[PDB]
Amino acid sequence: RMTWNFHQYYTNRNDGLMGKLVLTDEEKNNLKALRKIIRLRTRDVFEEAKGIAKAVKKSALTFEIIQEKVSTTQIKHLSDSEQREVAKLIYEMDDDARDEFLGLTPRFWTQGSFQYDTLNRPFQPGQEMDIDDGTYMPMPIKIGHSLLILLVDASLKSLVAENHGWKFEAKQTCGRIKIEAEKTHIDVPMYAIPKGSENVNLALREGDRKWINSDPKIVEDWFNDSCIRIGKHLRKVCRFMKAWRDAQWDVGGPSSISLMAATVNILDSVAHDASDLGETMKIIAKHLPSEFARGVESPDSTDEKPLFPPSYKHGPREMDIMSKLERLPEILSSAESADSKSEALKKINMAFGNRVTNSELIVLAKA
């Protein structure tokens, strides 16, 4: 009969969960500003390296002179051996390769939650907002993997040198600048593309494969198609599931993309009503454990691994994730049946953290 309704608690843009999660325009503009700085520097580093290559096209300069030239650019912020390597790579280029490099101008495209608007304000101390800004290198389906990575690293490392409180982190799939004071990091995955999703190649930092075909547009188009198909509330509930994950784990938990994929599957196959996103979240929560136990398939069919493994592959971390997923619909049910508004709030905040504090967003209802 009587039940607490949480639709405002979730959706209210003043001080409900959407209000707590969505970045303000100032914050978004700050991120855009950070993105521009990184893009400009990467553009500049490539122009600088191209200037050296241009000089070598004109005259077959000695190795020591090429090295000296490298030392005057932003590449000076790489290690000595890495500078030697860039100089050696420029020295060793054949005419064809050098011409291709002289024709290369990096392009950029943001992928991930800043692009499709699911980027949440961070919650726990230590957690950071993420901007995924890819750099793209148009090439014949002729510039080498090593040189390209060194130049993008030169870019990021040169900014890290100039800015107090910025730090560089090498990842398998990107370079990363972390800005702890701003609770932000920017990831720069690097792609080779033709000068056709099959030809978008993501550079890998280590291993048996230098490249793998992984077009971020596949996920972006899948998600935006899903939003059109299911409704705008898809973005809201994905934000909320990510907020749940940030509240349950300081570090770790299921990936954002696994939560998106499982949520889309559920909302495509189970009736729900966007006029009550509290019920919609309860419905999602009821079905997530089965989605995750069987393994969460990627929306990109070319991915070699699922986004979350099936339960026969579970270790302590996946077991912990299954446990918290199993608890979530119980938390939501108990909040619905709580004795008072204040207890309803206390209970639902055990799912999403103590972010929403306004118990007037919770209203007595019937269901």
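For the two forms, the rigid core is made up of the largest set of C-alpha atoms that agree within 1.5 Å on superposition. The numbering used is simple: start at 1 and walk along the sequence shown.
Q: Is the larger C-alpha RMS shift in 6 other deposited structures of this protein, relative to this form with the rigid core superposed, found in 262-270 or in 202-210?
A: Looking at 262-270 versus 202-210 in 6 other deposited structures of this protein, the farther one turns out to be 202-210.
Q: With everything overlaid on the rigid core, name the stretch, 40-48 or 312-320, whose CA atoms wander farther on average in 6 other deposited structures of this protein.
A: Comparing 312-320 with 40-48, the one that moves more in 6 other deposited structures of this protein is 312-320.
Q: Residues without coordinates, deposited sequence, stretch from residue 141 to residue 142: is the count none, 1 to 3, 4 to 9, or 10 or more?
A: Missing residues, residue 141 to residue 142: 4 to 9.
Q: Looking at the deposited sequence, how many residues between residue 195 and residue 196 were given no coordinates in the entry: none, 1 to 3, 4 to 9, or 10 or more?
A: In the record, 10 or more residues between residue 195 and residue 196 lack coordinates.
Q: Mean Cα B factor from the PDB record: higher for 47-55, or higher for 338-346?
A: Taking the mean C-alpha B-factor of 47-55 and of 338-346, the larger value falls to 47-55.
Q: Do the C-alpha atoms of 244-252 or of 204-212 have the higher average B factor in the entry?
A: The deposited B-factors put 204-212 ahead on the C-alpha mean.
Q: Highest Cα B-factor in the deposition, which of 146, 127, 118, 280?
A: Most elevated C-alpha B-factor of the set, per the entry: 146.
Q: Which has the highest CA B-factor per the PDB entry: 30, 311, 323, 42?
A: Of 30, 311, 323, 42, 30 has the highest C-alpha B-factor.
Q: So where's residue 103 on the chain's Cα temperature factor ranking, which third?
A: Ranked within chain, residue 103 CA B lands in the highest tercile.
Q: Consider only the C-alpha atoms of the modelled residues in this chain, order them by B-factor as the entry records it, and name the third containing residue 327: lowest, middle or highest.
A: Residue 327: CA B-factor falls in the lowest third of its chain.
Q: Among all modelled residues of this chain, ranked by Cα B factor, put residue 295 in the bottom, middle or top third, i.e. lowest, middle or highest.
A: For residue 295, whose C-alpha B-factor we compare with every modelled residue in the chain, the answer is the lowest third.
Q: What third of its chain's C-alpha B-factors does residue 66 belong to: lowest, middle or highest?
A: CA B-factor rank for residue 66: middle third.
Q: For the chain shown, is the CA B-factor of residue 185 in the lowest, middle or highest third of its modelled residues?
A: CA B-factor rank for residue 185: middle third.
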